[PDB]
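Worksheet for the structure shown next.
Throughout, protein chains are lettered first and strands after them, A, B, ... in sequence-line order, and every chain is numbered starting at 1. Keep in mind that the numbers below use all heavy atoms, side chains included, and drop hydrogens, waters and symmetry copies.
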Number of protein chains: 4
Amino acid sequence: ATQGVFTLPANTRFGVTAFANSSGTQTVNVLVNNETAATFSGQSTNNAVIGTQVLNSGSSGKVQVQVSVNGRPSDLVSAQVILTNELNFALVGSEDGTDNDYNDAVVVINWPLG
Amino acid sequence: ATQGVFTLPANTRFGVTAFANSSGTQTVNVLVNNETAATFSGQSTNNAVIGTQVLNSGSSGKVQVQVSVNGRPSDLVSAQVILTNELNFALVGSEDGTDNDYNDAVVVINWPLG
Amino acid sequence: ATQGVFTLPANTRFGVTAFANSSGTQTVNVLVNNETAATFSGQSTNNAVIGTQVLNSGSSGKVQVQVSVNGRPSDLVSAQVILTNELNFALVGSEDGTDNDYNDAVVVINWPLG
Amino acid sequence: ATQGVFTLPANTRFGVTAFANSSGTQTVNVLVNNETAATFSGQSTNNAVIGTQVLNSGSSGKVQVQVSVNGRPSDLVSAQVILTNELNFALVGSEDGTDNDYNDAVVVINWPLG
Ligand SMILES: C[C@@H]1O[C@@H](O)[C@@H](O)[C@H](O)[C@@H]1O
Ligand SMILES: C[C@@H]1O[C@@H](O)[C@@H](O)[C@H](O)[C@@H]1O
Ligand SMILES: C[C@@H]1O[C@@H](O)[C@@H](O)[C@H](O)[C@@H]1O
Ligand SMILES: C[C@@H]1O[C@@H](O)[C@@H](O)[C@H](O)[C@@H]1O
Ligand SMILES: [Ca+2]
Ligand SMILES: [Ca+2]
Ligand SMILES: [Ca+2]
Ligand SMILES: [Ca+2]
Ligand SMILES: [Ca+2]
Ligand SMILES: [Ca+2]
Ligand SMILES: [Ca+2]
Ligand SMILES: [Ca+2]
């Protein structure tokens with residue numbers, strides 16, 4: 001199944017934050033309406049924040065997260081959760097190796113803001 | 001129901017990260033086994049990452065998030081989600097006012113790390 | 001925070017299914033647009049299905065689950081989860097007593113159908 | 001990532017319930033410790049409950065959901081959610097065709113019971 005793709009309400013600000021947990025340098029690309037809107041890159045085995053940004057979901061509301069390590073695409077796992085019918089989280093884990101911890105880059109998208 | 005309380009794996013590192021979306025200054029406390037282990041604070045209406053920290057869940061694994069604004073506890077909402085039977089997120093929203101957006105402080109706990 | 005209230009896409013059919021795990025008879029009301037659209041009742045300590053139906057979210061998309069036992073509303077917990085950006089679950093637990101298992105009536109809403 | 005595999009607490013009763021939404025007859029097998037413990041089959045485009053049963057997670061706690069149509073495995077998507085640190089749902093969708101509604105068989109596992 002496709003992972004790392006989310007439909008947000010149109011024309012809405014959202015937060016995106018990425019964390020790293022791997023020996024490999026993580027590259028996280030965030031695409032809005034199929035065009036790169038943010039790219040984060042860093043290396044940590046201690047959950048360091050490697051980027052945070054506020055983006056607009058645009059007319060389509062389509063947001064996609066991709067993760068790679070030195071050009072090799074990581075396998076993704078994702079879901080969306082909504083609390084009290086108001087607070088949205090789109091969550092992504094990724095695996096760059098063999099241990100299947102899926103934390104090598106972790107990406108959290110949240111909306112609405114403000 | 002009780003909200004903002006999670007049973008983590010014992011003795012395990014976790015990340016805790018807080019975001020602010022309110023006119024009021026947020027104060028987020030993270031309790032491990034009922035003692036304060038981290039405190040974050042800030043004021044943003046654009047999802048500022050007012051704190052992020054790596055903590056250990058301790059012998060009991062009990063982790064609790066509390067949020068206050070203007071010296072008054074915020075109402076909390078929370079859930080935990082597990083992806084691919086391994087990757088965990090404990091999610092908290094909080095409301096300091098009347099609009100019930102529940103994003104005034106948002107807290108994400110993630111494990112495993114490394 | 002309010003629980004058991006979900007905004008579905010408008011005019012979209014959904015499944016609703018209730019399970020019982022309690023000494024007491026559970027009465028589950030499912031509201032669409034703030035009117036009762038279905039009512040299920042039964043008693044089980046073995047997770048019996050006490051009702052299942054297809055309903056339409058209608059023009060507002062507003063769906064609410066209420067649970068009563070022994071003449072009083074049960075305390076509710078809920079969340080929505082979306083898998084592969086396609087499959088939606090709105091999930092409700094409820095507590096009629098003191099043990100806080102929150103399974104006394106469990107309600108699962110899923111969409112889309114067909 | 002692997003989907004449809006969950007680790008439950010050992011020696012614990014859980015509910016498993018399957019719904020169908022497809023022109024094809026769905027076959028759902030629920031494995032506990034790698035042995036089939038329940039099987040449901042049926043065709044519906046109206047979210048019929050093609051089966052619901054109480055199982056025991058046994059010594060291993062390992063529960064796997066498999067979905068097929070006439071022996072051809074469907075593609076799975078899954079996650080687990082925990083409400084109020086107590087109430088657990090393991091969720092599975094499946095896709096037997098090309099439209100990616102992922103509702104062709106939907107399986108919900110819930111615990112605790114009673
Ligand atoms: C230090 C290790 O680095 C890579 O091998 C990751 O895939 C592992 O999960 C671990 O983080
Ligand atoms: C700017 C406003 O500040 C407080 O009133 C919050 O409770 C509102 O949600 C909004 O963020
Ligand atoms: C058999 C018992 O019945 C009621 O007391 C429920 O609140 C309990 O959770 C348990 O199901
Ligand atoms: C009626 C159709 O039957 C199969 O083609 C399913 O894959 C479709 O999702 C739809 O349910
Ligand atoms: Ca890894
Ligand atoms: Ca890792
Ligand atoms: Ca607010
Ligand atoms: Ca706010
Ligand atoms: Ca109870
Ligand atoms: Ca009960
Ligand atoms: Ca399908
Ligand atoms: Ca279908």
Side-chain angles (χ1 to χ4, degrees), chain C residues 1 3-4 12-24 40 43-56 74-95 97 99-114, chain D residues 1 3-4 12-24 43-56 74-95 97-114:
Chain C
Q3 298 279 267
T12 300
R13 293 149 182 78
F14 64 95
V16 58
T17 302
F19 306 84
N21 293 279
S22 173
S23 65
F40 307 146
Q43 186 280 319
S44 179
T45 51
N46 295 314
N47 207 51
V49 169
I50 62 168
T52 187
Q53 200 165 327
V54 176
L55 290 170
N56 191 320
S74 298
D75 190 50
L76 304 182
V77 290
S78 59
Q80 182 185 336
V81 180
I82 312 183
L83 303 186
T84 192
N85 204 40
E86 295 287 359
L87 176 59
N88 290 259
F89 299 89
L91 304 168
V92 183
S94 66
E95 178 56 48
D99 66 348
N100 295 337
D101 63 357
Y102 279 86
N103 73 358
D104 298 327
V106 173
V107 183
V108 174
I109 287 166
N110 66 289
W111 75 92
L113 305 188
Chain D
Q3 301 280 262
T12 297
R13 297 196 312 155
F14 66 95
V16 60
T17 302
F19 307 87
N21 294 279
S22 175
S23 60
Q43 188 273 315
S44 184
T45 49
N46 302 312
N47 211 50
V49 176
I50 65 166
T52 184
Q53 239 174 90
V54 174
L55 292 178
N56 193 292
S74 296
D75 197 68
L76 305 185
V77 69
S78 59
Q80 179 184 338
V81 175
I82 311 180
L83 305 183
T84 194
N85 201 41
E86 167 68 12
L87 183 69
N88 286 260
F89 300 85
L91 306 170
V92 182
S94 68
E95 179 54 50
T98 57
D99 67 348
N100 292 343
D101 63 357
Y102 276 85
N103 71 0
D104 298 325
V106 174
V107 182
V108 177
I109 286 164
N110 68 292
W111 76 94
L113 304 189

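Of all heavy-atom pairs spanning C:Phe89 and D:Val92, the tightest one is CZ-O, 4.2 Å. Residue C:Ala79 comes nearest to D:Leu83 through the heavy atom pair CB-CD2, 3.8 Å, listed as atom of the first residue, atom of the second, then distance.
In this structure, the portion of C:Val54 lying under 4.5 Å from any heavy atom of chain D is its side chain and not its backbone. With a 4.5 angstrom heavy-atom cutoff, D:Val77 touches chain C via backbone and side-chain atoms both. Heavy atoms of D:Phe19 lying under 4.5 Å from chain C belong exclusively to its side chain.
No other option in C:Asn88, C:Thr84, C:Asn85 has as many heavy-atom pairs under 4.5 Å with chain D as C:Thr84. When D:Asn100, D:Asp99, D:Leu91 are compared by the number of non-hydrogen pairs under 4.5 Å with chain C, D:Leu91 comes out ahead.
One finds the CG atom of C:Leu87 at 10.0 Å from the CG atom of D:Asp104 (value rounded to the nearest 0.5 Å).
Within residues 106-114 of chain C, the residues having any heavy atom less than 4.5 Å from a heavy atom of chain D are, in residue-number order, C:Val106, C:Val108, C:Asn110, C:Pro112, C:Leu113, C:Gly114.
Every pair passing side-chain hydrogen bond (donor to acceptor under 3.5 Å, both in side chains) that includes a residue from residues 12-21 of chain D is listed here, sequence neighbours excluded: C:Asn46-D:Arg13, D:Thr17-D:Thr52, D:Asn21-D:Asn47.
Not counting sequence neighbours, the partners of D:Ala105 by the side chain to side chain contact (heavy atoms under 4.5 Å, CB included) test are D:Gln26, D:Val28, D:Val67, D:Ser94. Applying the side chain to side chain donor-acceptor pair (under 3.5 Å) criterion to D:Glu95, with sequence neighbours excluded, gives no partner residue.
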Steps toward side chain to side chain contact (heavy atoms under 4.5 Å, CB included) verdict (C:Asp101, D:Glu86) = CA-CA 6 Å; C:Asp101 63 357; D:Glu86 167 68 12; 3.7 Å; yes
